[PDB]
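Read top to bottom, the protein sequences are chains A, B, C and D.
The first sequence maps to residues 306 to 331, 336 to 461, 472 to 532, 536 to 548 in the authors' numbering.
The second sequence maps to residues 305 to 460, 468 to 527, 535 to 545 in the authors' numbering.
First residue of the third sequence? That's 687 in the authors' numbering, and the numbers climb one at a time after it.
First residue of the fourth sequence? That's 688 in the authors' numbering, and the numbers climb one at a time after it.
We put the CB at the ideal spot given by N, CA and C, even for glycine.
In what follows, a single structure is set out as structure tokens and then discussed.
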Amino acid sequence: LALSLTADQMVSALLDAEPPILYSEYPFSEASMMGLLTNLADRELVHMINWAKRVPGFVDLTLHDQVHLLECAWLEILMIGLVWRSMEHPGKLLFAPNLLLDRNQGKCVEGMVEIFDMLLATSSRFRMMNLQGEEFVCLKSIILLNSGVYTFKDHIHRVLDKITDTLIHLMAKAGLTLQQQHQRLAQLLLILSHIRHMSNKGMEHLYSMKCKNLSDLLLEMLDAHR
Amino acid sequence: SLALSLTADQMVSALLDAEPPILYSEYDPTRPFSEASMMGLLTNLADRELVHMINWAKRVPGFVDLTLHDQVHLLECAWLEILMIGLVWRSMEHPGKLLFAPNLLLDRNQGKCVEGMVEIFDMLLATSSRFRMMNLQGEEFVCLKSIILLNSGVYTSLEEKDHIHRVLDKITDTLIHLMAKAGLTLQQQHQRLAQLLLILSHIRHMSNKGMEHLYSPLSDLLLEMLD
Amino acid sequence: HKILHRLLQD
Amino acid sequence: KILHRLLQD
Ligand SMILES: CCN(c1ccc2ccccc2c1)S(=O)(=O)[C@@H]1C[C@@H]2O[C@H]1C(c1ccc(O)cc1)=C2c1ccc(O)cc1
Ligand SMILES: CCN(c1ccc2ccccc2c1)S(=O)(=O)[C@@H]1C[C@@H]2O[C@H]1C(c1ccc(O)cc1)=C2c1ccc(O)cc1
Numbered sequence: 306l307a308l309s310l311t312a313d314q315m316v317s318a319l320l321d322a323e324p325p326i327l328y329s330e331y336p337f338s339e340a341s342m343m344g345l346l347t348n349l350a351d352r353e354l355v356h357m358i359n360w361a362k363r364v365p366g367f368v369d370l371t372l373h374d375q376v377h378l379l380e381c382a383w384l385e386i387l388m389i390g391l392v393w394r395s396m397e398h399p400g401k402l403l404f405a406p407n408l409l410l411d412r413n414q415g416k417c418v419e420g421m422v423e424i425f426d427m428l429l430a431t432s433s434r435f436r437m438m439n440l441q442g443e444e445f446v447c448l449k450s451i452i453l454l455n456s457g458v459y460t461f472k473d474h475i476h477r478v479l480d481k482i483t484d485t486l487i488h489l490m491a492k493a494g495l496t497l498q499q500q501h502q503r504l505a506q507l508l509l510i511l512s513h514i515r516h517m518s519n520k521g522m523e524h525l526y527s528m529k530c531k532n536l537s538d539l540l541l542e543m544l545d546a547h548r
Numbered sequence: 305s306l307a308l309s310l311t312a313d314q315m316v317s318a319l320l321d322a323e324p325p326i327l328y329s330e331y332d333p334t335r336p337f338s339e340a341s342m343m344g345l346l347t348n349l350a351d352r353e354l355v356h357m358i359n360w361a362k363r364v365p366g367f368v369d370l371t372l373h374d375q376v377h378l379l380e381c382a383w384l385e386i387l388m389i390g391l392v393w394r395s396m397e398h399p400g401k402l403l404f405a406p407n408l409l410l411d412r413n414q415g416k417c418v419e420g421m422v423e424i425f426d427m428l429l430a431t432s433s434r435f436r437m438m439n440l441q442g443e444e445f446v447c448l449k450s451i452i453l454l455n456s457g458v459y460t468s469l470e471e472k473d474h475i476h477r478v479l480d481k482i483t484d485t486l487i488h489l490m491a492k493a494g495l496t497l498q499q500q501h502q503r504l505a506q507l508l509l510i511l512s513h514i515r516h517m518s519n520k521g522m523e524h525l526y527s535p536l537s538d539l540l541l542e543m544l545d
Numbered sequence: 687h688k689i690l691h692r693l694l695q696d
Numbered sequence: 688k689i690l691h692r693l694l695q696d
């Protein structure tokens with residue numbers, strides 16, 4: 306059913322499926342910083358899962374396959390979302406409308422500053438490229454379907480192709496030339512490698528703060547990466 | 305810059321001529337594996353490959369236009385990725401096995417000889433299978449490998472970061488030029504381009520997972543790479 | 687046994 | 688740094 310959709314139907318479906326921007330609880338410490346983020350991320354997860362079911366092609370997968378993809382992609386998806394809504398706030402990360410942080414607050418947790426700077430770098434990259442919302446929702450869907458696909472596929476790959484068609488469709492609409500179209504496509508997809516990298520370093524520290532003392539849902543998302 | 309002025313065909317030629325050699329391992333059959341000889345074998349191999357990789361990087365268009373500091377950084381970030389994509393490329397014609405060297409062809413089971421590895425082993429196999437399925441071309445492979453070198457560390468004023476982006480765009484133009492020659496439609500060109508670059512995220516993933524176990535039998539050059 | 691299972695089915 | 692050295696030759 307996803308393959309039969311047009312490019313605009315794909316875009317509208319993805320935009321309509323967008324999760325809400327949540328608020329955090331109302336100077337920081339290491340424990341309080343991690344508390345606000347853990348709470349926020351845990352509530353975001355619930356919405357992400359409902360967003361995922363609305364990604365065209367995702368419902369066609371087995372429960373086990375759906376579970377696999379979410380377990381692999383969830384931090385990437387949280388991160389690209391964070392990076393996206395941080396665009397209009399250069400030098401800052403908009404975790405929530407009432408939780409806007411700079412890299413200086415990032416040091417409150419021993420090792421957040423490394424990933425903080427990477428996240429800021431990504432946001433600045435998106436701002437430099439003038440990333441559009443229609444492009445953003447395509448990239449986020451790509452992350453969901455691609456990140457786990459080699460750790461189990473043809474259905475998934477054809478859906479991925481359809482999103483590529485959609486991305487190109489959006490760029491042609493914006494008035495980009497043929498050369499500018501594939502160049503921008505490549506640029507956007509290469510950033511996904513960085514998002515994977517940030518997620519990998521991110522997972523690495525969550526395992527190191529479970530040890531020693536996260537919700538049971540977060541713990542189960544984590545155990546899948548160890 | 306020389307780099308900017310190159311046609312797609314001249315880009316391909318430069319990369320093809322710059323290809324490092326396929327090195328041999330020290331593997332002595334009989335031993336049957338220690339299963340910690342094997343890490344010595346792989347480490348010794350990777351260490352010798354690194355020397356060729358460093359000289360390979362110099363011949364990648366645009367790389368010499370960067371400072372020594374930036375060259376060091378790009379290699380520190382990308383070296384395992386580059387070793388990995390080289391491995392899966394020469395393993396393409398060997399289903400279910402990894403061709404570490406012409407005299408070292410290994411399966412999953414001999415993987416287990418080391419505690420971590422199978423996991424990375426399975427992912428490398430899946431990647432190689434993916435390349436086989438797509439029928440990845442040598443001209444496409446050298447493009448992808450160069451992209452890894454330039455991109456993996458570009459997110460860590469000057470600003471040579473822009474200069475790298477120009478070269479990266481050029482490699483993209485080159486990939487498209489190759490696909491258009493193979494009789495692919497514009498839709499197919501874009502789709503294949505996306506398919507190839509998405510694999511790079513998985514190669515980043517494998518490198519990261521690999522790097523983790525390392526940070527827990536190395537040469538002095540490798541020990542430096544592991545900052 | 688898996689919370690993610692429940693959230694997906696619901 | 689060996690890397691810097693081999694890069695300079
Ligand atoms: C992955 C957790 N991180 C770190 C970083 C450094 C650490 C250093 C020491 C210990 C843990 C550390 C955790 S991190 O990557 O910065 C990560 C990214 C960002 O902040 C951390 C984080 C996060 C996510 C889940 C958590 O249980 C806690 C934190 C983020 C987040 C949260 C919600 C979003 O909607 C988007 C992003
Ligand atoms: C290099 C890190 N790895 C591990 C993983 C688990 C380990 C567990 C214990 C000890 C070392 C371990 C190394 S790993 O990623 O599997 C890695 C991948 C592949 O096999 C390992 C490996 C390798 C690389 C460098 C080494 O010093 C040892 C091994 C590979 C390799 C070698 C040459 C190539 O041209 C291409 C790849």
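A direct Cα-to-Cα measurement between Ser395/A and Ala493/B gives close to 42 Å. Residue range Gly442 to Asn455 is occupied by the alpha helix (DSSP H) that includes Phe445/B. With fewer than 16 other CB atoms across the displayed protein chains lying within 10 angstroms of its CB, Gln695/D is exposed.
Within the segment 427 to 458 of chain B, the residues whose Cβ lies closer than 8 Å to any Cβ of chain A are, in chain order, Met427, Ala430, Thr431, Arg434, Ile451, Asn455 and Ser456. Using a Cβ-Cβ cut-off of 8 Å, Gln414/B does not count as an interface residue toward chain A, since no Cβ of chain A sits closer than that to its own. Listed along chain B are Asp484, each with a C-beta nearer than 8 Å to that of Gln498/A. Between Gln500/A and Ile487/A, the C-beta gap is smaller than 8 Å, which places the two residues in contact. The three-state reading of DSSP puts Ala405/A in strand, counting E and B together. Look at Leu511/B: its C-beta is under 8 Å from a C-beta on chain A.
Within the segment 481 to 517 of chain A, no run of beta strand (DSSP E) at least 3 residues long lies entirely inside it.
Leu319/A is classed as buried because its beta carbon has at least 16 other beta carbons within 10 Å across all chains shown.
In this structure, the C-beta of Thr347/B approaches ligand 2 to less than 7 Å from one of its heavy atoms. For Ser317/A, same chain residues with a beta-carbon under 7 Å away, outside a window of 5 residues either side, do not exist.
Distances from the CB of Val418/A to the heavy atoms of ligand 1 include at least one below 7 Å. Judged by DSSP secondary structure, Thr347/A falls within the alpha helix (DSSP H) whose first and last residues are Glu339 to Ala361. Residues of chain A with a Cβ closer than 7 Å to the Cβ of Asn519/B are, in chain order, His516 and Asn519. The straight-line gap separating the alpha-carbon atoms of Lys401/A and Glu423/A is approximately 14 Å.
Put simply, the backbone Cα of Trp393/A is about 44 Å away from that of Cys417/B.
By the Cβ criterion, the segment 378 to 392 of chain B is in contact with the segment 508 to 524 of chain B, since at least three pairs of Cβ atoms, one from each stretch, lie closer than 8 Å. Nearest C-alpha to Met437/A among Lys472/B, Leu391/B, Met342/B and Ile452/B: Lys472/B. Between the segment 322 to 330 of chain B and the segment 355 to 372 of chain B there are three or more inter-stretch CB-CB distances shorter than 8 Å, so the stretches are counted as touching. In this structure, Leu511/A lies near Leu448/A, with their beta-carbon atoms less than 8 Å apart. Closer than 7 Å to some heavy atom of ligand 2: that describes the Cβ of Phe404/B. For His474/B, the closest C-alpha among the options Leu370/B, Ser309/B and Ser338/B is that of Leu370/B.
Note: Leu410/A is bridge-paired with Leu402/A in the DSSP secondary-structure output. Two segments are said to touch when three or more pairs of C-beta atoms, one from each, lie closer than 8 Å; by this definition the segment 337 to 350 of chain A touches the segment 405 to 420 of chain A. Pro365/A sits buried, since 16 or more C-beta atoms from the chains shown fall within 10 Å of its C-beta. Under the criterion of beta carbons closer than 8 Å, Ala491/B and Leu504/A do not qualify as touching, at roughly 15 Å. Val446/A sits buried, since 16 or more C-beta atoms from the chains shown fall within 10 Å of its C-beta. Taking 8 Å as the threshold, the shortest C-beta distance from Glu419/B to chain A does not fall below it.
Taking 8 Å as the cut-off, the beta carbon of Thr483/A is found no closer than this to the beta carbon of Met315/A. Closer than 7 Å to some heavy atom of ligand 1: that describes the Cβ of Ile424/A. No Cβ-Cβ contact shorter than 8 Å links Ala361/A with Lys481/A. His513/A sits buried, since 16 or more C-beta atoms from the chains shown fall within 10 Å of its C-beta. Residue burial is scored here from C-beta neighbours: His373/A has fewer than 16 other C-beta atoms within 10 angstroms and is therefore classed as exposed. In terms of beta-carbon proximity, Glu542/B lines the interface with chain D, with at least one pair separated by less than 8 Å.
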